[PDB]
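Trainee: first chunk of the complex, coordinates as they sit in the assembly:
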Amino acid sequence: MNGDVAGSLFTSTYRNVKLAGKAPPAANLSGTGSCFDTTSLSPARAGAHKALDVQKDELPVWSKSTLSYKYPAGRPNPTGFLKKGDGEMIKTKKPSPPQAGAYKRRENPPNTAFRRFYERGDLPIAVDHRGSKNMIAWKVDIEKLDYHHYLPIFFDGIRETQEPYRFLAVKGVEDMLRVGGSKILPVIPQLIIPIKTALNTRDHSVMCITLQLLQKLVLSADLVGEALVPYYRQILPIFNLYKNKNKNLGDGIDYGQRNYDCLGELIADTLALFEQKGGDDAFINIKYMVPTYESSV
Amino acid sequence: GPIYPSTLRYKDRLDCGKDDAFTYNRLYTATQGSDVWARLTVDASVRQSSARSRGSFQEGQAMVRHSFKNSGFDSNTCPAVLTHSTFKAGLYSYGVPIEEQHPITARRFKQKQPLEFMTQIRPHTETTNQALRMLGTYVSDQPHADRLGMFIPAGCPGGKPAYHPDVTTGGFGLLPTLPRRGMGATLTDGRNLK
Amino acid sequence: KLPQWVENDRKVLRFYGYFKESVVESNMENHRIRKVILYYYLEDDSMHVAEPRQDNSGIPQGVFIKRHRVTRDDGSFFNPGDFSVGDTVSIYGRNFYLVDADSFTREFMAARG
Amino acid sequence: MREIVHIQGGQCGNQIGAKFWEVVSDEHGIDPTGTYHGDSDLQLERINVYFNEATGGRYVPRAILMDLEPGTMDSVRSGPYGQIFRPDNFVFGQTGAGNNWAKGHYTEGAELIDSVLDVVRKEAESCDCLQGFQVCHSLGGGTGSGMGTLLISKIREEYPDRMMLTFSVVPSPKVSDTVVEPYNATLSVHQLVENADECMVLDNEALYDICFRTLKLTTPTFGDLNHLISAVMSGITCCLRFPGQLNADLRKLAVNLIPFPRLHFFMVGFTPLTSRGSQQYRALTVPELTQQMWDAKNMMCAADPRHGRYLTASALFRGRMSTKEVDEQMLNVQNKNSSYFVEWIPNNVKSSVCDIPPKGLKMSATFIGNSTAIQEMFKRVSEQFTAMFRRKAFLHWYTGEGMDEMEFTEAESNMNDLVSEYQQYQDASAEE
Amino acid sequence: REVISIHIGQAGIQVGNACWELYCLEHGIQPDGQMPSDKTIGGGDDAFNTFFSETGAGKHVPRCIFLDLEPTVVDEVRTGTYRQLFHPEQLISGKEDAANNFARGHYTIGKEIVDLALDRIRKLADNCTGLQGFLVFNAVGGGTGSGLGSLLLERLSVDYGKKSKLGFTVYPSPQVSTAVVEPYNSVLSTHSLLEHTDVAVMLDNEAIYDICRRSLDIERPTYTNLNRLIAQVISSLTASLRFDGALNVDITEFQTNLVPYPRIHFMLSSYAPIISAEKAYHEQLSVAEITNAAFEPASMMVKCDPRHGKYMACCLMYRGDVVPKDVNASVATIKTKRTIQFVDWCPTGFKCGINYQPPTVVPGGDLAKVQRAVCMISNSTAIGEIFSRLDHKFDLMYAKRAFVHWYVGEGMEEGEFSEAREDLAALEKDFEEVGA
């Protein structure tokens, strides 16, 4: 429930990098080159989790003798032989799945269609650079632009973490969601892939921004809720992953409330907004995907 | 770095001497070592290093498989699962017969393990309830009991020798096949079939 | 001497036989007879049984057994000298009665004995 | 009372079902001509689950055979125990899928699925109380995947509350028959997750490894692998057909193995499996069965449990055994390997005992492993699928038959999010 | 599961009366047309049904037509050993030859023979019930094999469409050819054939010369020794349609698993083992070496070195004594090799095939009785070098407008020469871009 999703971007980033003193994650800048020239498009995919763990020889061997798994005996080396007194030392003398990481951050190279269409320069986007949080100066009027061609472009740009790109993408999404009327319904089947790609990456800020954008997407329409129910199979898994992640203070007061960093309540609010909007036969799919959810009457 | 010039080829050291007589004059003077055995050890070391540089070669590139009659039809056949075997597990002899084995041995063998003892005493029984039924239900139990010193209370379960309808033991039994009481030689009586 | 599979590569034993099959209640008949042609390859000692596909019979006819080495119910495989005419052969729980033999088979057994 | 209807799809499903029927018929004592010749009355009370006594002591399997190449049904009819199948159950097309999932699901589906549905419906309504359908097929070819998945789905809306077993083999990298294996496999596993009650993951690579090392066989043709699969299915279904000290039917195993409806892929193992020469020198007690059962290399799929955690597990025991040995062995397995079982589910093992061992054996066991290591195989298939799909290789052989690249997109996306949920459920502590 | 074959040209007819002899020897059908009654070979009827049709009186007639324009090669088929085997209407001969002119046989002479050939093949297919798909034989360097050999294919495509058509063509050699105008015919035939046939297996006469001289040890290999190997290849690639096997493949498998893109259908045939009776039995033939013997460039039926190119997909047909385990073992080791390589986007490019019946030895032939054999059919990017050289030698002649007055003077114009040239250039670019 934020009036402006982009109204806290720069403040939060600056606070994290300087005010809090926490080390800012500076990755996925490989191949970006400089400015004023196009980024070399890497063929890597952000959504895919190309972990592919390779335990070639540290896999413990099953022991039929004793049911406990045991590591293989060490290779005897010629450098270390049997010393004089080690015989008395011998008298005087646990496996696990390696990681199977699900909560680790997935890499997201800057190869979205938003970026390309931006350095090409066919987007009518400009920054007002006002005293308040920046708006978008639209060269062409928003109501008459083609949503079928531009909406998938901007939701694919949510995944950006680079400073000049993510703000523009989020603000454009905000502007068309606020302005668009009944023309969002026919294009909503095309918007599943970018939302899923933005959700698949395990970035905290990216998840928060895409959750807020989903809330305003379902909110700022007339009957879009009844069209998102068949597509719950590709959006709700991330909600299931991060539903219970929430900070607990025994008696302290949560100060970081004006910014929506903790996604634990954000997921609950998004699931609710899914429940009221298009509530006809909607609990069944959500409960099938998320088993821990409860009805909001 | 070989001490002896033996390792190098002919024209290799010839070209070396044409280019540099400098190395060409060490590889002869490298043998200045007083002890020949030490120089032989160094030669062994350099030969061993050269061998280590080379890679191993497997000798099983062409797999050879023996064929019974050298025909694909025969080789690819798997025998059909046709068995006239008895269905009861107890009929098979998985152990030495309990009769010859010593009485106290049978007693403590029962004491550690009742189950397979009951199965050996009751070869025809197939279900757990039948084997662990009673020492008095089967008439054949009494010889085993008084051979192994197991007391049998009187009138258990009944005096009249009977009461095992499922299992075919003693005089109460009939084969499920069509010529009951056995010995079927024609189609008229069934020929031991259904 | 040469390998068996090349000495007789196309030499094929071929016998004619039948086996009765008791059919059930029907105005047509009370029992039926199924003609079968039995093939035995001298190359790899592999059996083969097929039907001659009577014209108007409603039975699905054609090949009866895959052409493969059959195993008898008790043990060792079949032998060429176990296919006399007028004798009963037991294959896969069925009993075929050999009735007639091919001329090649006739002369081959005559040479064999 | 309870009835199991058997359906085979594709040629591989046909040989698998043929081997299953021969082994089951030998178990129940009926000869290749369809007449009972056994000696135990126990081979009669529960044969209605698989056979229908037609007339004059003739027993016919409750099986329906389905394929697209006449050679397959010619083979299954000609082979031993081939005349026991009723000819009306040989529902069959004419042209052939040709290893094309799109063809076998769209172009031949609409013409042949009517007759297979009619015959399976008639067979189901013939009996009294359906327990569930059992389907054997392959995930590599077209008719095995495309036709079988559509048939399974149609049976699903026709009979939603009935059980559904699925014995499906999956392609392997070291044993790769065709070229379009990932293309068919991804779509088949996409269709399987929503429709089938559960699927048991099989592959020829693990079977080959098992028969090479454990069986120590020299020339293990498809007959041996199909015999192993048939014995596995018989051990799975034994509790339905025979008395035991503790019973566990299909529904019992399904409810005890599936914690969430989307987790219905299991790895299976069988024991004992010993060499011919070493069979006489080893004894038959529960510990020997347990030791071979839990071996990671004994699994019949290419999903090593050492790479994941055991969510749930089953041990179906056949034979005259002691329950105390059973549960103490399983307790020892759980306690010693405490790091390979999921934390928030105590007592991850369900056990059952059956009193009828397989013919010629004193003791037998069957393992059903619901481990989260199948995501390895899923990712392995998905990476090949997306490697081929990125350059649109062989795509015209599917696009020109009615499909769109969209279908491939949601197929890979659902594979991805299924693997993601597996990753979620693998490492999740009891408290967060 | 029935297939009919059509033979076009003096080379096609000569290949036909070496494949049909092998087919007759395969099912025991004597040249008179009926099987002997005193003794039989093999077992299982309907095996011949995919090639022959029974008249109900113990007769078997092939499902083929020999098509040519000069009435001088069909006569020794009409008067040869197999006089009664072929039905008289099947053998079709014209009145005047096209005389090594693609344009002539395509437009002037071929228009009077295509109609009756289509009429005959229509009622040949009418007798059929489960027609798998046609398969052809012709030489693109020749005249009638190219002109009407393309017109008839076009009319078959417009008449049936979905029916598969296999093209077993003999392309001109890089350096050894018996004519001087063969580049023109080759280009003008490949341009039209590029979008009609579904399977196009390449062949080269002097490559077969080399393999016969080396493996078979024949110092003077004539055409009879050549077309006797193509017969074996065709039998091997259709052996799954006749006899049962552990792992069988039909034509649809070939189309699905060997054609990554619609215009990329050009396969490089190979065979193993090519051995003689002297060396057949001393060598212990096994799956591993025969599968290895099928991938070196020295045994490929076309001299197109696969080392330069990359294998997008490969196909294998095993016959004889082969189990599904050693084939996989050999495929694994071959994949581990580094001399050959596969394209990036295709991780697995093998379509294995296992059959049971060993190849049948022909009396008075070159090959010996071998208990197992491999017929490999690949698809590699190296084949771009063939068209790259044939196009260059075509341009060499076309720069002076040499011999064009014989084609244009017939009634065609110069535009289609250039469009065929640019189509071949586009094919070159297509083969180049897929290798990236």
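Mentor: Done, it's in. Numbering: from 1, shown residues only, chains lettered A, B, ... in the order given.

Trainee: quick one, helices of the chain?
Mentor: No chain in the question, so chain A it is. Along chain A, counting by DSSP state H, helices occupy A:9-14, A:86-91, A:113-120, A:147-156, A:163-179, A:192-200, A:204-219, A:225-228, A:236-242, A:263-276, A:283-289.

Trainee: Oops, wrong one, chain C.
Mentor: Under DSSP H, chain C gives helices at C:4-7, C:103-112.

Trainee: looking at those, which is closest to chain B?
Mentor: Smallest distance to chain B across the helices of chain C (C-beta to the nearest C-beta): 5.2 Å, for helix C:4-7. Quick note: C-beta positions are derived from backbone N, CA and C, even for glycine.

Trainee: ok, how many other residues are close to the nearest residue to residue B:90 once chain neighbours are set aside?
Mentor: Excluding its sequence neighbours, the residue lying closest to residue B:90 (C-beta to C-beta, 6 or more residues apart in numbering or on different chains) is residue B:123, at 4.2 Å. Neighbours of residue B:123 under the rule other C-beta atoms under 10 Å in any protein chain shown: 18.

Trainee: Could I get the contacting residues of residue B:123?
Mentor: B:88, B:90-91 (C-beta atoms under 8 Å, 6 or more residues apart in numbering or on different chains).

Trainee: Tell me which of those fall in helices.
Mentor: Reading helices off those, I find no matches (DSSP H).

Trainee: Give me the buried subset of those residues.
Mentor: B:88, B:90 (16 or more other C-beta atoms under 10 Å in any protein chain shown).

Trainee: Flag every residue of chain D that's near chain E.
Mentor: D:69-71, D:74-75, D:94, D:96-100, D:173-181, D:208, D:219-222, D:384, D:387-388, D:390-391, D:393-394, D:396-397 (C-beta under 8 Å from any C-beta of the partner chain).

Trainee: Where do the strands of chain C begin and end?
Mentor: Counting by DSSP state E, chain C has strands at residues C:12-21, C:32-41, C:46-50, C:63-68, C:88-91, C:94-101.

Trainee: Chain B: which of those strands is closest?
Mentor: Nearest of the strands of chain C (C-beta to the nearest C-beta): strand C:63-68, 4.8 Å.

Trainee: re the thing from before, in CSV: the strands of chain C, plus mean neighbour count and distance to residue E:178.
Mentor: Listed next are the strands of chain C as CSV, based on neighbours: other C-beta atoms under 10 Å in any protein chain shown; distance: least, C-beta to C-beta, whole Å:
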stretch, mean neighbour count, distance to residue E:178
strand C:12-21, 18, 45
strand C:32-41, 19, 46
strand C:46-50, 22, 48
strand C:63-68, 22, 46
strand C:88-91, 16, 59
strand C:94-101, 16, 56
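
Trainee: Output the ones you listed in JSON lines; the columns should cover distance to chain D.
Mentor: Listed next are these as JSON lines, based on distance: least, C-beta to the nearest C-beta, whole Å:
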{"stretch": "strand C:12-21", "distance to chain D": "9"}
{"stretch": "strand C:32-41", "distance to chain D": "11"}
{"stretch": "strand C:46-50", "distance to chain D": "9"}
{"stretch": "strand C:63-68", "distance to chain D": "5"}
{"stretch": "strand C:88-91", "distance to chain D": "10"}
{"stretch": "strand C:94-101", "distance to chain D": "6"}
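
Trainee: The following sequence is to be added as chain F:
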Amino acid sequence: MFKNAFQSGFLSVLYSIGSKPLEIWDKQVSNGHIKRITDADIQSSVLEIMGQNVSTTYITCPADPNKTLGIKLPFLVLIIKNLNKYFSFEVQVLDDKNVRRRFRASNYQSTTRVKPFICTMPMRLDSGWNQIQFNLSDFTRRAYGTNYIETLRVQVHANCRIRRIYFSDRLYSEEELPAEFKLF
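Mentor: Adding chain F to the chains above:
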């Protein structure tokens, strides 16, 4: 190249009036000739491309075969005079599924064939000078379900007189075209 360029409403890749017009283009001439002469009807210097074989002599826009220029302009415009000879030109485009398509317009063919990689269409010319607009986006949207993103290369064949080949973003008319881009 051309990725860092402004790429405005007009963008010229080759103009016959300059010191080194063929500065980025790579010459491939055999059995032909290339010249820079002045024609008799517009009194301006034009580039000469004539070859006995049309497929042999050509010039490609990027000199380096691996390297490709990127132009997002939908319309491509060529100014050529019809010599009543065989002439053709070929253009490569990039779609949103990241594959390379080719469009070849030939003067000596009749059929219009659509293929996954090459689309050949016939094209007709009048007697004298004429300009042609290609409209790459419309062709890509018609032949395939894709859309136009990038143009990778352009290549023109023999028997043509080329001058001021350029890209554009709109179907500019005679009146509103800038002075240097009209015909006369």
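
Trainee: ok chain F is in now, so what about the contacts of residue B:123?
Mentor: So residue B:123 contacts B:88, B:90-91 (C-beta under 8 Å, 6+ apart).

Trainee: The helix or strand where residue D:233 lies and chain B in contact?
Mentor: Taking DSSP states H and E as the criterion, residue D:233 maps to helix D:222-241. Yes. Legend: contact between helix D:222-241 and chain B by C-beta under 8 Å from any C-beta is shown at D:222-224, D:226-227.

Trainee: Quick check: which of these are also close to chain F?
Mentor: Of those, not one also sits near chain F (C-beta under 8 Å from any C-beta).

Trainee: nearest to residue D:414, of the contacts of residue B:123?
Mentor: Nearest to residue D:414 among the contacts of residue B:123, counting by C-beta to C-beta, is residue B:88 at 50.7 Å.

Trainee: and the closest residue to the closest one other than its chain neighbours, how far is that from residue E:21?
Mentor: Using C-beta to C-beta, 6+ apart and skipping the chain neighbours, the partner closest in space to residue B:88 is residue B:126 (5.4 Å). Residue B:126 is 65 Å from residue E:21, where distance means C-beta to C-beta, to the nearest Å.

Trainee: of those two, who's got more company?
Mentor: The neighbour comparison of residue B:126 against residue E:21 (other C-beta under 10 Å) goes to residue B:126, with 25 against 19.

Trainee: The more buried one is in contact with residue D:41, isn't it?
Mentor: No. In this structure, residue B:126 is not within contact of residue D:41 by C-beta atoms under 8 Å, at 9.5 Å.

Trainee: Report the buried residues of stretch B:35-44.
Mentor: Across stretch B:35-44, burial judged by 16+ other C-beta under 10 Å covers B:39, B:42-43.

Trainee: So which bits of chain B are right by chain D?
Mentor: B:65-66, B:75-89, B:92, B:94, B:115-116, B:119, B:126-128, B:131, B:166, B:175-177, B:192-194.

Trainee: how far is stretch E:358-373 from where the chain is centred?
Mentor: Remark: stretch E:358-373 is offset 19 Å from the chain centroid, using C-alpha atoms, centre = their mean, to the nearest Å.

Trainee: oh sorry, the question was meant for stretch A:58-74
Mentor: On C-alpha atoms, centre = their mean, the centre of stretch A:58-74 falls 39 Å from the chain's centre.

Trainee: is it true that residue E:208 lies in a helix?
Mentor: Yes. Looking at residue E:208 with DSSP: H, G, I helix; E, B strand; the rest coil, it is inside a helix.

Trainee: May I have the residues that are in contact with it?
Mentor: Contacts of residue E:208 (C-beta under 8 Å, 6+ apart): E:221, E:226, E:229, E:301.

Trainee: most neighbours, which of these?
Mentor: residue E:301 (24 neighbours).

Trainee: Now that residue: phi and psi?
Mentor: phi -70, psi -10 (degrees, to the nearest 10).

Trainee: ok, it - contacts?
Mentor: Taking C-beta under 8 Å, 6+ apart, one finds E:202-204, E:207-208, E:211, E:229, E:233, E:268-271 in contact with residue E:301.
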